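Single-structure report; data block below.
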Amino acid sequence: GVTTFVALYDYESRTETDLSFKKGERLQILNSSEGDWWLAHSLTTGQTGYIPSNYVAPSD
């Protein structure tokens, strides 16, 4: 199923595989919410990559 989140803070990409996002973006994960880093897709930007769980909160 869909598992969505909204970003609470801006995050700047620092690796080859993470995802930059801004506060307020809607983000979905492409596996489960286990662990601290999730492969995600931004509904806002269309970009993808790993995001840190502690920058986002659940969004229905």
Side-chain angles (χ1 to χ4, degrees), residues 1-30 32-60:
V2 168
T3 309
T4 39
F5 302 88
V6 58
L8 306 178
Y9 320 120
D10 296 353
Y11 175 78
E12 181 199 10
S13 165
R14 295 306 182 80
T15 75
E16 302 294 337
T17 53
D18 62 354
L19 170 62
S20 295
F21 54 86
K22 305 287 192 188
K23 181 169 173 179
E25 285 187 29
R26 296 244 306 148
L27 306 158
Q28 75 184 314
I29 60 184
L30 301 182
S32 98
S33 76
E34 170 183 295
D36 301 313
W37 282 90
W38 304 327
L39 184 72
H41 161 254
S42 175
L43 286 70
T44 308
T45 72
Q47 293 297 290
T48 71
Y50 292 105
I51 65 176
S53 61
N54 58 8
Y55 276 56
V56 310
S59 172
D60 289 338

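Counting begins at 1 with the first residue of the sequence. Just the heavy atoms: all of them, side chains too, but no hydrogens, waters or symmetry mates, feed the values below.
The CG atom of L27 sits 6.5 Å away from atom OG1 of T44, with the distance rounded to the nearest 0.5 Å. For the atom pair CD1 of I29 and OG1 of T3, the computed distance is 4.5 Å after rounding to the nearest 0.5 Å.
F5 and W38 have tilted rings, their planes meeting at an angle from 30° to 60° on a 0 to 90° scale.
In plain terms, the two heavy atoms of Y9 and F21 that are nearest each other are O-CE1, 3.4 Å. Shown here for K22 and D10, the closest heavy-atom pair between the two residues is CA-OD1, 3.4 Å. The minimum heavy-atom distance between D18 and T15, with the atom names listed, is N-OG1, 2.9 Å.
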Side-chain donor-acceptor contacts of residues 47-60 below 3.5 Å, not counting sequence neighbours, with atom names and distances?
{"residue": "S53", "atom": "OG", "partner": "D36", "partner atom": "O", "Å": "3.3"}
{"residue": "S59", "atom": "OG", "partner": "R26", "partner atom": "NH1", "Å": "2.7"}

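Between the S20 side chain and the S13 main chain, a donor and an acceptor come within less than 3.5 Å of each other.
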